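Residue 2 in the authors' numbering is what sits at position 2 of the sequence shown, and the numbering runs on without skipping anything.
The beta-carbon is built from N, C-alpha and C at its ideal position, and this holds for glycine as well.
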Amino acid sequence: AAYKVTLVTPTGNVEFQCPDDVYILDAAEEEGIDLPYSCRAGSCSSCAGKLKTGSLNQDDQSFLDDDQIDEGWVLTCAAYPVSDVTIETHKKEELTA
Ligand code: FES
């Protein structure tokens, strides 16, 4: 149905409810949150975050390798929450292979 998203952003924590059928980024936008993005199509590092707690569905993304996913990397424009989750945002500059 919908779940609780906690985002840890540079300027502060913010929470909001997100339907299992809406991407994290879009939901955040809708609540009035400004998150970084560029392509909006899952093929770049711009909207990257690090999943701290919880599960996500990242099938629509195509840029990260299985290893990176395993490391806990997430592309917020292409991720659906499958449970409540905590995510650290604005991590593009920390990404490595
Ligand atoms: S903005 Fe490019 S993958 Fe999300």
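Query                                                                                                         : Result
Span of the alpha helix (DSSP H) around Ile69                                                                 : 66 to 71
For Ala27, the three-state DSSP class (helix, strand or coil)                                                 : helix
Proximity test, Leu75 beta-carbon vs the ligand FES heavy atom, cut-off 7 Å                                   : yes
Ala97 classed as buried or exposed, judged by whether at least 16 other C-beta atoms fall within 10 angstroms : exposed
Span separating the alpha-carbon of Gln68 from that of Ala48                                                  : 11 Å
N-terminal and C-terminal residue of the beta strand (DSSP E) that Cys18 is part of                           : 12 to 19
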